[PDB]
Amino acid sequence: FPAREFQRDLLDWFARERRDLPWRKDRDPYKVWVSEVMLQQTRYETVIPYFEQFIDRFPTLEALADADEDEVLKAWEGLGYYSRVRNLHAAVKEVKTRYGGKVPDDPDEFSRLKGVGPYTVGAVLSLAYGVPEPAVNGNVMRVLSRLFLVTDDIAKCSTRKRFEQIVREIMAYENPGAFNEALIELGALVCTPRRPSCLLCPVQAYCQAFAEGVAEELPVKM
């Protein structure tokens, strides 16, 4: 697989099209982490006002940790999934007491926190710290299942481990953050659930599902 050329074409694309969303203003692990929790449940158009107001109320991780839960829940009002923000609250309290207020940059450590799974680990540590971990969410599973014609149930751990391995193989290690972002952005903008925009896709030349005319049938879920 021509990894170097693929990276070129994907990142050249991403440099052109990258959206300057609010959570892309800096590489604060705390802000990145908050945006990822919000975006796991809710579309980005809705997330935009909530994120800006949440951070305004809680500018730092210690600010969040120090807040009463009632305050946290009120800030979350409208997003739903209240138990997810309670878990976020718990996790940042642990970060403050145990990790001196700094989001741990070791994957195994960060993963030990309540609510923090493989995607959240990879997304935060690669976007904020440049740690070359995969950040495989639904978008990325869709993109990769198409590029490499993966027909296995994406609900399975074995399928997700295969996606991770693919990423570790093809990742641009000179910038794992931009690489992971670009895969996610591709799935947001171009390689969409229905009717992906293959005629405008920067990595069309590499895509097995397009070559086989079966993009719309991917990913497989059961």
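For every residue, the number given is its place in the sequence shown, counted from 1.
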Taking the deposited Cα B-factors and averaging over 174-182 and over 43-51, the higher mean is found in 43-51
Once average C-alpha B-factors are taken from the entry for 127-135 and 71-79, the winner is 71-79
When the entry's CA B-factors for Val116, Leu149, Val92, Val85 are compared, the highest one belongs to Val85
Among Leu21, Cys198, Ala211, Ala15, the highest C-alpha B-factor in the PDB entry belongs to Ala15
So, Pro193's CA B-factor, relative to its chain, sits in which third? The middle
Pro104: CA temperature factor from the record, placed by chain third, in the middle
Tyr30: CA temperature factor from the record, placed by chain third, in the middle
By the entry's values, the third containing the CA B factor of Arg162 is the middle
So, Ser111's CA B-factor, relative to its chain, sits in which third? The middle
